[PDB]
RNA sequence: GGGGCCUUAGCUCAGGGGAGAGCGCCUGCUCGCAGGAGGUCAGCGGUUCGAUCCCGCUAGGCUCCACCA
RNA sequence: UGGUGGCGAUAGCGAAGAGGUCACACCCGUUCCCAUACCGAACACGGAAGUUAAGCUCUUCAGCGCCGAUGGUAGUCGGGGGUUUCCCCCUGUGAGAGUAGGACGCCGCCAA
RNA sequence: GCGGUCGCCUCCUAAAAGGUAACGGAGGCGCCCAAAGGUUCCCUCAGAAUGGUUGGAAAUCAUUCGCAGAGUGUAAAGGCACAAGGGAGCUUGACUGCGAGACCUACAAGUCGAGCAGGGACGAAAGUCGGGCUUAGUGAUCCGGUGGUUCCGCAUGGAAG
RNA sequence: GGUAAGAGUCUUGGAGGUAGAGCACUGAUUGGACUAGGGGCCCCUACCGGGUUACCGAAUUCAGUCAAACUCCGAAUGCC
């Protein structure tokens, strides 16, 4: 459960998700990670589900780096009301994720353990995923 | 311990705040006075060409004072600045007091320039 | 004015024979001594501000002034007005005339002070000593208001290092804790 | 089944004041006319240009408006006679 | 506490100026000398 | 205000129920005439509240509804007291 | 669900400069006294030098509506 | 060398040397013109004993700060197409960041 | 229907001139100041550490690091330490008649303005001053009240008006 | 009636902070050193302190993110 405890504004515009990832494109903390291929809002509930799904299967191993944070709130007008008459109340928090962005980072385990943990994380996410690793040119 | 600024350091800021008020460039030049610890200097500078129209001081081969800028004998070079101004056809100037408070002996130079022909 | 001739006749060659200098003239003079009151009125109740400021006139011959707050602080407000505390900046040859009677009588008169500031330097050459009572100065009379009013002194040395300021204030005559 | 909800509490705004440039670079200008409308000195007055009480930049003489810069992040309006 | 006041000239007598003052800070009658258009000179003006 | 409220805030009767019972039993008179527990009082009246074998007569000065003794003992002024 | 009024001692209620009564508990004093235990002033966060006092929200307790097919 | 101006900290901060007999500066005293919410610290006056230690100029460090390409990429005017909360080509423009590099000052006037 | 709102000012939405809507998202104003106004002359803020006796994390004082992390009456943006930000002296320009030329554009209205004359304030002089760093703090006409008036006033002289 | 101003395009010069980027401000943040301060437990506390914390994190700092009401920057087009 991730959320900011204080915000400058409680109601914000929904924004746009055009283009690739501005940052967080390359894996640089862990050894393996998930690279996003499509853009959608990722709810903190989905982030918690993916984190528990990785952490349970990695009961012995390193820690998980969560590269995304749900800083943008979304508002939800109450049901069965007419359109307009003011913006509704904020309901939850989402993270704006663009294609190419690294979502979660794992180091300190084997190859197949990391692949299966990332598959179990990816089956909870609403986006198409792929497996990436660190490249050492370099 | 204390490394307070020099008297010339705040004098430059005072000169900057004085020169903001008067431009000195309308075909009418300015009379700049620099007071040192030993004697005084005087120059006439006009923007934008920056040429010095007239300049005089106590430190010269002629005009043995020989007070060299302590007493009210600085009025001699104060009127000699107006003499070099009148020999080159200067009509009028403004007074650029610099970072010095106008109570003398820069005021003595200003009064000597006023009595000798500069109508400021 | 005796200490004014005394330091120029004794300490000024002593510093240059202590260790080498690029400049022969570079003796560090003294610059300012400030006295700080900080009464607080215990608390905000003493309305005799004009007598509290004139209490400082016995210590320093120049007229002291009250100081005004720059920011209100929630414990003891003291708003932007109501000036509380006193600061006097005394200069001239009166540094020499003040330090003469200071190192004459003020330091040994205290019942428990035997050494101050073996570590209390600022790192750039500051001496600051705390005075708690008025009985230290002999010119203060014993039939005064008798309440505990403390003095503060700040000694400013022209030399910019601790190793120079400490070696000047050792040989000017003011003792240290050691 | 209709149900009501409210309210907005943010439905007010002031009238927009038409700031910005009123003349252009290289344009002939008459004396006294408004060059640039301001809230504070976003652009400083320069040669033959005064600043009003509402910080309005205006030409003092007839001429040609030139936009310059003080440096590094400061601007100027000047009017030079023809 | 902030009321509309007028300032009449002491010499001419006409009410030439209007201003405002705070009654709590200024209980007394104010005295500002201003230009009188009838007298062609700056005269003392009094609040009426 | 009401009579029982005035007796409560003036601390003559500390409890409003006791003041209500005393005024309902026909013991308190305002300006000579008898009155109930809800007679409205004015600053400048002559109360004639009757205790047990007392004849305390007070004078109304102000009317403030504060339940604190700092702002309560400034409304009634005792004129004379009679035991019997 | 939408407006309006409150959340203050154990209970019931008054109330920008640092907050109180009656009852319930004590304290010595022979129908009344002069004093003490108990207060996140329901909670968060902004304006300044401080908020029970001003505000944007969360839970709670009352009051008025939730009508026309 | 001193005074006085113009060039977007390529003009600056930090370190190390050198200068003073002329000039500039500290420095020394208050009798005068003048003073600080107080004070010759600041602003005034009169003096050339002591000095470059500081102020100031010259000489080297690219550490901090500053300026800054070429190519590439993102974006985009216009045209076109899909799998149309978005994506892909074509003609032309073209960032920001980063890198190569530059930089520890030039151009005027007067006096000595 | 009910709830909410109705005028003015600031930001975003607003798409790199201007302008631009919604019961869109955030806030303020129906003032204040005889000075917080004008001029002249000086100065530079907030925070960290060290040292201090009542000072403890903070009352007051010295030092560095401080291009502004302060302040700018009130509230948002723009701007301001060549200070519009702080401190003193003298004052009332918080002015009379105006005003070339401009900005916004249904009109009504609103805003800036070089410069002339009359009288000043400050400053040696240059010069500045027609209110506050700017942008809100306010409403037509009609009808009455007050002061002035070489204006008219129903045959004339007055008066009512 | 004025008459040839109007418009498009090439060239040139400007104003204005959007797309994009970035932390140089304002927030929100993820990791490591760093640890102001708070948490248990033993000597002790009638009370000062000390040890271990595989314990939280206000400062500060090396990194990594994000922003309509953040901008050290900054287009293409539009505008004059």
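Quick note: the coordinates plus some simple rules give every number you see, no bench work behind them. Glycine also receives a Cβ, built like all others from the backbone with ideal geometry; neighbour counts cover every protein chain displayed.
Considering every Cα-Cα pair within chain B, what fraction, in whole percent, is farther apart than 19 Å? Every Cα pair in chain B considered, those over 19 Å come to 47 percent.
Under a Gaussian network description of chain A, with springs only between Cα atoms under 10 Å, the residue in A:113, A:102, A:81 that fluctuates furthest is A:81. Length available on full extension from residue F:51 to residue F:24: 0.36 nm per residue minus the Cα-Cα distance, which gives 8.4 nm. Using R0 = 60 Å, the C-beta based FRET efficiency linking residue C:97 and residue D:12 works out to 0.25. Largest first and in whole Å, the equivalent-ellipsoid semi-axes of chain C read 33, 18, 15, each the square root of five times a Cα gyration tensor eigenvalue. Relative contact order of chain F: 26 percent, from C-alpha pairs under 8 Å at least 6 residues apart in sequence. Axis of helix A:111-122 versus longest Cα principal axis of chain A: the two differ by about 10°, to the nearest ten degrees. With a simple spin-label model that places each label point 7 Å from the Cα along the Cα-to-Cβ direction, the separation between residue C:49 and residue E:32 comes to 3.0 nm. Per residue of chain A, the DSSP helices (runs of n ≥ 4 H) give a summed -39500 (n - 2.57) that works out to -6000 deg cm²/dmol at 222 nm. Using only helices, what value at 222 nm comes out for chain B when you add -39,500 (n - 2.57) per DSSP H run of length 4 or more and divide by the total residues, to the nearest 500 deg cm²/dmol? Counting only the DSSP helices, I get -10500 deg cm²/dmol. Given C-alpha coordinates of chain F, what is the ratio Rg to Rh with the Kirkwood estimate of Rh? Answer for chain F: 0.92.
Would you calculate, for chain C, the mean residue ellipticity at 222 nm contributed by helices, counting each DSSP H stretch of 4 or more residues as -39,500 (n - 2.57) and dividing by all residues, to the nearest 500? Taken over chain C, the calculation gives -7000 deg cm²/dmol. Counting only the Cα atoms, segment B:1-53 fills a convex hull of 95 Å³ per residue. By the count of neighbouring beta-carbon atoms within 10 Å, fewest first, A:41, A:93, A:65 end up ordered A:65, A:41, A:93.
Computed as a quarter of the hull surface, the mean projected area of the alpha carbon convex hull for chain A stands at 10.4 nm². Our summary gives segment A:1-98 a relative contact order of 42 percent, counting only alpha carbon pairs under 8 angstrom and 6 or more residues apart. Expressed as a fraction of 2.2 N^0.38 Å, the value expected for a compact globular protein of N residues, the C-alpha radius of gyration of chain D is 1.69. Annotation: the residues B:7, C:18, sorted from fewest to most other C-beta atoms within 10 Å of their own C-beta, follow the order B:7, C:18. Both radii were evaluated on the Cα set of segment C:136-177; the Rg over Rh quotient, with Rh as the Kirkwood radius, amounts to 1.17. Counting neighbouring Cβ atoms within 10 Å and putting the fewest first, the residues C:104, A:122 line up as C:104, A:122. With contacts taken as Cα pairs under 8 Å at a separation of at least 6 residues, chain E carries a relative contact order of 42 percent. Between residue C:57 and residue F:66, the distance separating the two model label sites (each 7 Å from Cα on the Cα→Cβ line) works out to 4.3 nm. Estimated at 0.36 nm per residue, the fully extended path between residue C:31 and residue C:82 surpasses their Cα-Cα distance by 15.4 nm.
Of all the options C:140, C:73, C:84, the one that moves most in a Gaussian network model of chain C with Cα springs shorter than 10 angstrom is C:73.
Here is the tail figure for chain E: Cα pairs spaced more than 17 Å apart come to 31 percent of all pairs. Remark: spin-label model distance residue A:115-residue F:78 equals 10.1 nm, labels positioned 7 Å along the Cα→Cβ axis.
Hey, how much of the P(r) for the protein assembly as shown falls beyond 31 Å, as a percent of Cα pairs? That fraction is 82 percent. Calculated FRET efficiency, residue E:25 to residue C:135, Cβ-Cβ distance, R0 = 51 Å: about 0.60 to the nearest 0.05.
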